[PDB]
Amino acid sequence: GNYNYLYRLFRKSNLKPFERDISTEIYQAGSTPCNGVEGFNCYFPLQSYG
Amino acid sequence: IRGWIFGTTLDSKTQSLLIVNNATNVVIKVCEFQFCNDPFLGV
Ligand SMILES: *[C@@H]1O[C@H](CO)[C@@H](O[C@@H]2O[C@H](CO)[C@@H](O)[C@H](O)[C@H]2NC(C)=O)[C@H](O)[C@H]1NC(C)=O
Ligand SMILES: *[C@@H]1O[C@H](CO)[C@@H](O)[C@H](O)[C@H]1NC(C)=O
Numbered sequence: 447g448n449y450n451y452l453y454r455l456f457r458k459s460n461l462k463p464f465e466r467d468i469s470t471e472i473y474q475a476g477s478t479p480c481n482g483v484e485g486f487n488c489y490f491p492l493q494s495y496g
Numbered sequence: 101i102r103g104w105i106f107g108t109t110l111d112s113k114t115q116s117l118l119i120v121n122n123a124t125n126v127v128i129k130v131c132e133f134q135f136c137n138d139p140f141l142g143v
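Those protein sequence lines, which keep their order, are chains C and A. Using the authors' numbering, the letters of the first sequence map in sequence onto residues 447 to 496. Using the authors' numbering, the letters of the second sequence map in sequence onto residues 101 to 143.
Structure, rendered in structure tokens:
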């Protein structure tokens, strides 16, 4: 599995045409705010293709 | 008035367009700049 190519897995809204998002903010899936730490409803936004 | 900053958080966490016109040089950058609490340029 290769670890060099990633893709954005979560986003609260869809991208506009030709928009480029490379932010690594922890996606908040719940109501509780993530403080940079992963956990329940707090996941890393990028995933590797492998 | 010598420049403009465009973005969402302006805190190096996202990309922010920076336009500065210094005398005769227009400079445009899209770097992840770390801006001050109150950005300004001194004379
Ligand atoms: C660009 O950034 C703005 C500001 O965060 C996004 O607008 C927000 O979108 C979320 C949902 O994704 C809403 O809950 C917020 O209320 C919106 N805030 C404002 C001020 O509009 C906007 O969606 C982003 N652009 C894209 C394409 O996602
Ligand atoms: C304006 O800033 C740029 C960026 O460093 C520099 O290269 C250029 O010489 C500056 N011009 C003036 C007139 O200060």
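For every residue, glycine included, the Cβ atom is placed at its ideal position computed from N, Cα and C.
Next on the checklist: Going by DSSP in three states, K113(A) sits in which element: helix, strand or coil?
Outcome noted: On the second sequence, residue 113(A) is found 13 positions in, with the first residue counted as 1. Coil at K113(A), not helix or strand.
Next on the checklist: Taking 8 Å as the threshold (C-beta atoms), are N448(C) and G482(C) in contact?
Outcome noted: Against the first sequence, residue 482(C) aligns to sequence position 36. Against the first sequence, residue 448(C) aligns to sequence position 2. Against a cut-off of 8 Å, the Cβ pair of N448(C) and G482(C) comes out as no contact.
Next on the checklist: For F106(A), report the span of its beta strand (DSSP E) as first-last.
Outcome noted: Residue numbering aside, residue 106(A) sits at position 6 when the second sequence is read from its first letter. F106(A) -> beta strand (DSSP E) spans 103 to 106.
Checklist entry - Is the segment 127 to 141 of chain A touching the segment 476 to 493 of chain C, taking contact as three or more C-beta pairs under 8 Å? => result no
Next on the checklist: When you compare the CB of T124(A) with every CB in chain C, is at least one pair closer than 8 Å?
Outcome noted: Position 24 of the second sequence, counting from 1, holds the residue named residue 124(A). No, because no Cβ of chain C sits closer than 8 Å to the Cβ of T124(A).
Item to check | Interface flag, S459(C) vs chain A, CB-CB below 8 Å | outcome: By one-based count along the first sequence, residue 459(C) stands at place 13. With 8 Å as the cut-off, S459(C) does not count as an interface residue toward chain A.
Checklist entry - Given that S469(C) touches chain A, what residues does it touch there, using C-beta distances under 8 Å? => result Within the first sequence, the letter at position 23 stands for residue 469(C). Within chain A, the residues near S469(C) are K113, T114.
Next on the checklist: Between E132(A) and ligand 1, is there a pair consisting of the residue's CB and a ligand heavy atom that are separated by less than 7 Å?
Outcome noted: As a first step, residue 132(A) is located in the second sequence; it is residue number 32 there, counting from the start. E132(A): no, Cβ never under 7 Å from ligand 1.
Checklist entry - From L492(C) to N450(C), what does the alpha carbon distance come to, in whole angstroms? => result In the first sequence, counting from the first residue as 1, residue 492(C) sits at position 46. In the first sequence, counting from the first residue as 1, residue 450(C) sits at position 4. Cα to Cα, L492(C) sits roughly 11 Å from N450(C).
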